[PDB]
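One structure below.
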Ligand SMILES: CCCCCCCCCCCCCCCC(=O)O
Ligand SMILES: *C(=O)CCCCCCCCCCCCC
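Protein chains in written order, with the entry's author numbering: chain A, 1 to 238; chain B, 1 to 238; chain C, 1 to 238; chain D, 2 to 11, 25 to 69; chain E, 2 to 11, 25 to 69; chain F, 2 to 11, 25 to 69; chain G, 2 to 11, 25 to 69; chain H, 2 to 11, 25 to 69; chain I, 9 to 281.
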């Protein structure tokens, strides 16, 4: 009988423990593996894949394809804001239900640059230039184009190349940010403006749509595994 | 006292556990072994041995040797079905109590080809040819000979070689099938037909019998050990 | 804290367990050993030593030296049985309390040949020959000399060499026999007869005695340690 | 002196017997020997599959 | 025969499997492989970042 | 420093004494010595089986 | 692969980490480093004890 | 790194200290040193048994 | 292949020879060795399926409750007793009887549980129960009362257990008097072919006795002891047909004639009816 001495923790049951345990099926012959397309090794592999962002949460539209449409049309001026949402990949309703956001919501911390790809779905004859911008926190969200261009931005010119990317560089005072909301962990404001208004010819629709895709960059990571707020129940399903 | 820490499972009693335990008979001298004919190493050794199948469950016959008899006789036509049962080595009453079936019923999964050996017990003077066939699931059991021959089959011609084999190749979408019944795990239909009716001479019985033996092939295996439904009790026997 | 996991048996107390346990007398200096004549290493060393068998259990004699006496005397015929007891070294009252028997009664199984040494305690002038025999089971105990000589036997002729041995060869269907009684484990019958009646001269006692010693052979062994039926009590002795 | 065998899969494990009696050892769950012949095919004259069983 | 791996940090640990079935082993928490390509970029013709996606 | 003996059969086991007193060690269940002579045959003059015990 | 350090006195001890995370290891109670300078003496110009601090 | 000493008798045992403080170690029950002189015989001039203590 | 792997499927093509794999003669007593490829074009299949879970050892190596009785705190039956046998339970018995002779060591496990009996005793305050199981090999003194001297066990092996702790457990060597346990015995105990008949003439495995060591409370308590068997290091010979008819008695193979199988409509019905 080898003199032993149990220590605190003994007999407990940690949900995240990691020990060996006897098989209930001694010598069971597992079914041989098989090459199945598209294996997944890390969730970040998924978070690097673009998914369509619902920038237009506005009212009832959340219950239609319109949620994914960004209104753009010919105006009698330029400088007009086209949209504007915060950099809260986890919290903001704009991202929260995205492929990226869904994943973030199973974690507590996030870090890395993010890509916002914008595809112009107007007509071949429609043209124009937009100013995609990212303003780090500290001041308020820019309210005029002339104040947004003072920050990190990309002047996108619509043409044969349908889409254009606004890479939101990870600028932050800490290594990681909270997936949940917190002002310490404030991420800044993402806004779009008209650089040079939409200009179509006759017989070509002057009102268009712009889609927005979001995905993580190669320097993106997530920490502290937690449960999603997005799924609930009252009783075991039957 | 070596610092230790018990983990979940500690003190339990798994029926299928595998640990060392003190002998209650310290240094007991076991009786020396002896060479006894026919040792058994794996149950599959048994499942590879033919046993007579009771194809004729029909009514009261289950209580007589008749259960193991397959009626064959001279007709005024050909194409007539002679029998037909499913490929459910575990469930179907035809197999369930066989040597193969008994074993299968102690497991949950099975896989492999099966051999159905058919011995013609007519008289030396009796002749004829039968069409042994196996139709994989997907359609229904063939209802006419012309529809069964469209599947895996063997045209057996009775002669000096009394028996003939219908090897039921393991065709299936999964590696294993359930021993119990389940339509996902459907195994198909095994049927027999008259290729060229029985033809005896005068003074020779025109009504005969055909026996059916079943056994596993060298690619047969069984998984997930369980209890048989075939044995029960109400109180400890006295 | 080394992750550990207790298994069935833990904390129990097996009477025949074999573990290490702390000394209550740390560093106690044992008394040095000493050469004491006659050390014992195995009980079989004892079971190989002859002890006088009480063949004459008959009635009240068990309470006197007579129990160890075998009556022999001059007759008016030959063939007369002299004694007869079974081969149940453990059970039969004849052996049960012997040196061999006492030991056997602390075990469940026994195996091996046995030696029955017979010493003639008649007078120097007394003569005669006896037929010591052992009949394996299967038939009944021989009832006539002519039926006992059909079995394993030794015709002992009394003379200067006082004693004579009847080696009872271990014939049996199993490797071991039960120390307790059981007909499967039947051992046969040991009987003695007059080969050529006792013949003394005048002035020399015609009624004599023969002693019987029993001991184990070098192929004798015992298994499955148990408690003796021969010792009991009602309360701790004071 | 421990031993080291292979686990079941589609890696090894260490074992040290702690008791003086072999009876105390864990089960022999990995003896995969097989010899169907004793049962299927106990014929005195070898029967060659492709041939006729009688002639 | 034990094994010795590296712990997570910004040292090693010893492991000895005690069961005959691989199923009984602890989790494989250190497989850091990554292959985004299968998902992001499953195009038949390689697309060079600096180039135009269409011409 | 452990020891390694043979178990009883018709394999080995490892043992490591953990206490400072020999009294604490497990039993010596494997001493199969035998010397019947001390008891059966303690005669001063060797008696040869095949011979007569007296002459 | 265990480690072997020295205990505190006026002998050694063995340690084997059992967990995959360094966070699980015991405390680092034996780091006797010392550097008072950062606090006592954070002057840019070295002050020589025996000398006058000002001249 | 364990140690291996001798048990008390008329065999050895293995020991591995598990704690970082020597205070935690088991007792030193085997120090059989002896020096009666300090007490019996603390005389400055050696007294030879066979001789007279005074002359 | 891999020690326990299964045969791989050999790819085959069209045939037209006088080779007759499919024609044989069951009369020989020989089982055909045909494989898919013999009667149909097959593809090649590297089969990795193992027969690991079919070894005699894996098949008989699972604890099985073979019996259980009860004994009470006080009253008439204060101690239990059971003539050791694997034939009172049907589960394990049917498996062991898959083979004529068998040889194995046995892992014994006991599940001991207690239940408070209904009574009218005021203020009951039970102390922890400690039981004692004791084995008495054929020929040894038996206990006649819960406080008989026999429970001294100077030599009989016995376990002492205390409620709360893991189930007591211990290993048992192959105890046969012969070279293998016999599952069937078409013979008698007497040479006259009288006395006992069947398996029970060989069963002489002794008796097991359980009891409490302390009464615990003033109230009445009943304890149940479940005995589990687990064959280890198994060797089996001469397989036989699995038991068909339900078990009737524990000391013989007596049965009530049963049909060969469940029925169905006609030899054409693909349904179990
Ligand atoms: C506390 C010690 C308990 C010891 C348990 C001993 C049980 C013996 C088991 C014998 C096993 C199965 C044998 C069937 C016997 C037969 O029919 O020949
Ligand atoms: C025979 O192999 C002896 C060699 C190694 C014996 C050690 C057994 C394991 C010792 C490490 C301490 C284990 C704590 C359970």
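Cβ atoms here follow ideal geometry from the backbone N, Cα and C, with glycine treated the same way.
Enumerated in chain order, which unbroken segments of the beta strand (DSSP E) with a length of 3 residues or greater are wholly contained in the region 57 to 129 of chain A?
Whole beta strand (DSSP E) segments, 3+ residues: 70 to 73, 81 to 86, 107 to 111, 114 to 120.
Inter-residue Cα distance where the pair is residue 2 of chain H and residue 3 of chain G
In the eighth chain, the residue the question calls residue 2 of chain H occupies position 1. In the seventh chain, the residue the question calls residue 3 of chain G occupies position 2. Their Cα atoms are separated by approximately 8 Å.
Could you check where the alpha helix (DSSP H) with residue 8 of chain I kicks off and where it finishes?
Because residue 8 of chain I is not part of the residues shown, which for chain I are 9 to 281, the question remains open.
Between the region 42 to 58 of chain D and chain B, which residues of the former have CB atoms less than 8 Å from a CB of the latter, in chain order?
Per Cβ criterion, the list reads 43, 45, 46, 47, 48, 49, 50, 52, 53, 54.
Check whether chain D comes within 8 Å of residue 56 of chain I, counting only Cβ atoms and requiring the distance to be less than that.
By one-based count along the ninth chain, residue 56 of chain I stands at place 48. With 8 Å as the cut-off, residue 56 of chain I counts as an interface residue toward chain D.
Say whether the region 38 to 47 of chain D touches the region 239 to 247 of chain I, bearing in mind that this needs 3 or more beta-carbon pairs closer than 8 Å, one atom from each stretch.
Touching, yes, given that three or more Cβ pairs across the two stretches are closer than 8 Å.
Assess contact between the region 174 to 181 of chain I and the region 4 to 19 of chain C, defined as three or more Cβ pairs (one per stretch) separated by less than 8 Å. Is contact present?
Counting Cβ pairs under 8 Å, three or more are found: they touch.
Taking the C-alpha atoms as reference points, what is the distance between residue 86 of chain I and residue 129 of chain I?
Your numbering for residue 86 of chain I matches position 78 in the ninth chain. Your numbering for residue 129 of chain I matches position 121 in the ninth chain. Their Cα atoms are separated by approximately 19 Å.
With a cut-off of 8 Å, does the C-beta of residue 63 of chain D fall near any C-beta of chain E?
Along the fourth chain, read from residue 1 onward, the residue named residue 63 of chain D stands at position 49. Not one chain E Cβ lies under 8 Å of residue 63 of chain D.
For ligand 2, any of its heavy atoms closer than 7 Å to the Cβ of residue 30 of chain D?
Residue numbering aside, residue 30 of chain D sits at position 16 when the fourth chain is read from its first letter. Distances between the C-beta of residue 30 of chain D and the heavy atoms of ligand 2 include at least one below 7 Å.
Please report the distance separating the alpha-carbon of residue 65 of chain E from that of residue 161 of chain A.
Numbered from 1 along the fifth chain, position 51 holds the residue referred to as residue 65 of chain E. Numbered from 1 along the first chain, position 161 holds the residue referred to as residue 161 of chain A. Going by C-alpha positions, residue 65 of chain E is about 11 Å away from residue 161 of chain A.
What do you reckon, are the CB atoms on residue 67 of chain C and residue 86 of chain C nearer than 8 Å?
Position 67 of the third chain holds residue 67 of chain C. Position 86 of the third chain holds residue 86 of chain C. Taking C-beta atoms as the reference points, residue 67 of chain C and residue 86 of chain C fail to come closer than 8 Å.
Should the region 186 to 193 of chain C be regarded as contacting the region 136 to 152 of chain C, the criterion being three or more beta carbon pairs within less than 8 Å?
Contact holds: three or more Cβ-Cβ distances are below 8 Å.
Contact criterion: CB-CB distance below 8 Å. Does residue 33 of chain D meet it with respect to chain F?
Here residue 33 of chain D corresponds to residue number 19 of the fourth chain, with the count starting at 1. Yes, because at least one Cβ of chain F sits closer than 8 Å to the Cβ of residue 33 of chain D.
Endpoints, the beta strand (DSSP E) within which residue 216 of chain A is located
Counted from its first residue, the first chain places residue 216 of chain A at position 216. Taken as a continuous stretch (DSSP letters only), the beta strand (DSSP E) holding residue 216 of chain A covers 207 to 216.
Do you know how far the Cα of residue 69 of chain B is from the Cα of residue 52 of chain D?
For the purposes of this step, residue 52 of chain D is identified with residue 38 of the fourth chain, where counting begins at 1. For the purposes of this step, residue 69 of chain B is identified with residue 69 of the second chain, where counting begins at 1. Roughly 28 Å between the two C-alpha positions.
Cβ pair residue 204 of chain B, residue 119 of chain B closer than 8 Å:
Here the question's residue 204 of chain B lines up with position 204 in the second chain. Here the question's residue 119 of chain B lines up with position 119 in the second chain. The answer is no: Cβ separation not under 8 Å.
Positions along the region 17 to 46 of chain A whose CB lies within less than 7 Å of some CB in chain I
Across the region 17 to 46 of chain A, CB contacts with chain I closer than 7 Å involve 26, 27, 28, 29, 32, in sequence order along the chain.
What are the residues of the region 261 to 272 of chain I that lie near chain B, defined by any Cβ-Cβ distance shorter than 9 Å?
The region 261 to 272 of chain I vs chain B, Cβ under 9 Å: 265, 266, 267, 268, 269, 270, 271, 272.
Taking the beta strand (DSSP E) that residue 81 of chain I falls in, what are its first and last residues?
Mapped onto the ninth chain, residue 81 of chain I falls at position 73. Membership of residue 81 of chain I in any beta strand (DSSP E) is not indicated, and neither H nor E is assigned to it by DSSP.
What three-state label does DSSP hand residue 5 of chain B in the structure shown?
Here the question's residue 5 of chain B lines up with position 5 in the second chain. Residue 5 of chain B: strand per DSSP, three-state reduction.
Which residues in chain C have a C-beta closer than 7 Å to the C-beta of residue 11 of chain B? List them in chain order.
For the purposes of this step, residue 11 of chain B is taken as residue 11 along the second chain, with counting starting at 1. Listed along the chain, the chain C residues whose CB falls inside 7 Å of the CB of residue 11 of chain B are 6, 10.
From the DSSP output, which residues share a beta bridge with residue 76 of chain I?
The count along the ninth chain starts at 1 and reaches residue 76 of chain I at position 68. In DSSP, residue 76 of chain I forms a bridge with I:234.
What does DSSP give as the partner residue(s) for residue 189 of chain B in the beta ladder?
Here residue 189 of chain B refers to the residue found at position 189 when the second chain is read from its first residue. Under the DSSP definition of a beta bridge, residue 189 of chain B partners with B:86, B:135.
Between the beta-carbon of residue 94 of chain B and the beta-carbon of residue 271 of chain I, is there less than 8 Å?
For the purposes of this step, residue 94 of chain B is taken as the residue at position 94 of the second chain. For the purposes of this step, residue 271 of chain I is taken as the residue at position 263 of the ninth chain. Contact: no.
Partner residues on chain G for residue 60 of chain E, Cβ-Cβ distance less than 8 Å:
As a position in the fifth chain, residue 60 of chain E is number 46, starting the count at 1. Ordered by position in chain G, no residue passes the 8 Å Cβ test against residue 60 of chain E, which lies about 39 Å from the chain.
Any chain I beta carbon closer than 8 Å to residue 38 of chain D:
As a first step, residue 38 of chain D must be located in the fourth chain, where it is residue number 24. Closer than 8 Å to some Cβ of chain I, the Cβ of residue 38 of chain D qualifies, so yes.
Could you compute how far the alpha carbon of residue 67 of chain F sits from the alpha carbon of residue 137 of chain C?
Within the sixth chain, the letter at position 53 stands for residue 67 of chain F. Within the third chain, the letter at position 137 stands for residue 137 of chain C. Each residue's CA atom was taken as its position, placing residue 67 of chain F and residue 137 of chain C some 34 Å apart.
Compare the C-alpha of residue 188 of chain I against each of I:97, I:112, I:92 and name the closest.
Walking along the ninth chain from the start, residue 188 of chain I turns up at place 180. Checked all of I:97, I:112, I:92; the closest Cα to residue 188 of chain I is I:112.
Excluding the 5 residues flanking residue 8 of chain I on each side, which residues of the same chain have their C-beta closer than 6 Å to its C-beta?
Here chain I comprises residues numbered 9 to 281, so residue 8 of chain I is not present and cannot be evaluated.
Closer than 7 Å: is that where the CB of residue 233 of chain I sits relative to any heavy atom of ligand 1?
Position 225 of the ninth chain holds residue 233 of chain I. It does not: the Cβ of residue 233 of chain I is nowhere closer than 7 Å to a heavy atom of ligand 1.
Between residue 67 of chain E and chain A, is the shortest Cβ-Cβ distance under 8 Å, so that the two count as touching?
Taking the first residue of the fifth chain as position 1, residue 67 of chain E is located at position 53. Yes, because at least one Cβ of chain A sits closer than 8 Å to the Cβ of residue 67 of chain E.
Closer than 6 Å by C-beta to residue 135 of chain I: which residues in its own chain qualify, once you throw out the five before and the five after it? Chain order, please.
Mapped onto the ninth chain, residue 135 of chain I falls at position 127. Around residue 135 of chain I, the same chain offers 224 as residues with beta carbons nearer than 6 Å, after the five sequence neighbours per side are excluded.
Element boundaries [beta strand (DSSP E), containing residue 4 of chain F]
Position 3 of the sixth chain, counted from the first residue, corresponds to residue 4 of chain F. For residue 4 of chain F, the uninterrupted beta strand (DSSP E) run begins and ends at 4 to 7, by DSSP.
Roughly how far, in whole angstroms, is the beta-carbon of residue 46 of chain A from the beta-carbon of residue 103 of chain A, given that I think they are within contact range, below 8 Å?
As a working note, residue 46 of chain A is residue 46 in the first chain. As a working note, residue 103 of chain A is residue 103 in the first chain. With a Cβ gap of about 6 Å, residue 46 of chain A and residue 103 of chain A count as contacting.
My output table needs one value for residue 157 of chain A: the three-state DSSP class, helix, strand or coil.
Against the first chain, residue 157 of chain A aligns to sequence position 157. Note: residue 157 of chain A maps to strand in three-state DSSP.
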